[PDB]
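First, one chain by itself: the form deposited in one PDB entry, in structure tokens.
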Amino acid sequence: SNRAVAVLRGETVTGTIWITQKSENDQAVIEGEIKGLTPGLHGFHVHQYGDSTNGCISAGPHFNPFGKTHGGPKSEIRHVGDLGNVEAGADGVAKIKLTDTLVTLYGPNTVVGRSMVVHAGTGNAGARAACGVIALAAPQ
């Protein structure tokens, strides 16, 4: 499909994030809303797995298919799953629209079946506050 959606679930943070992409060669658009955030900037990431058998823990690590490293030559590689930080507006909702990412719904790096995770900013989920599987949706 040219359209996917993640419904984020968490104790307090929830949301709905759409991904739309006309073809393998076109840039995807990520758009939606995240609710229940404490005020300020929070991390927003694609993680490797959609597995939600263990809350947001089973999402596994950041999705970094190109292998960006901390330093050295490969530190200049783009981290595909890094969607920056997000924040709620005055109305308490974060309106997300990201048009310049490398996220794709096609080819070997497709994110279908993986997860989107919101990171706050103590427990075994670290800062992971909500997560949802990137699901196939009806094409537009």
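When you see a residue number, it is the position in the sequence shown, counting from 1. Basically, rigid core = biggest C-alpha set you can superpose within 1.5 Å across the two forms. Residues that one form lacks are left out of the comparison.
Heads up, the form deposited in another entry isn't pictured, but that's what we're talking about next.
For the residues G84, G113, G92, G40, superposed on the rigid core between the shown form and the other one, a C-alpha shift of 2 angstroms or more shows up only at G92. Once both forms are fitted on their core, a CA shift of 2 Å or more is seen for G72 between the shown form and the other one.
With a change of no less than 3 Å, the CA-CA distance between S75 and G67 is larger in the other entry than in the form shown.
Segments of at least three consecutive residues in which every Cα is displaced by 2 Å or more between the shown form and the other one, once the core is aligned, are found at 69 to 78, 89 to 92, 122 to 126.
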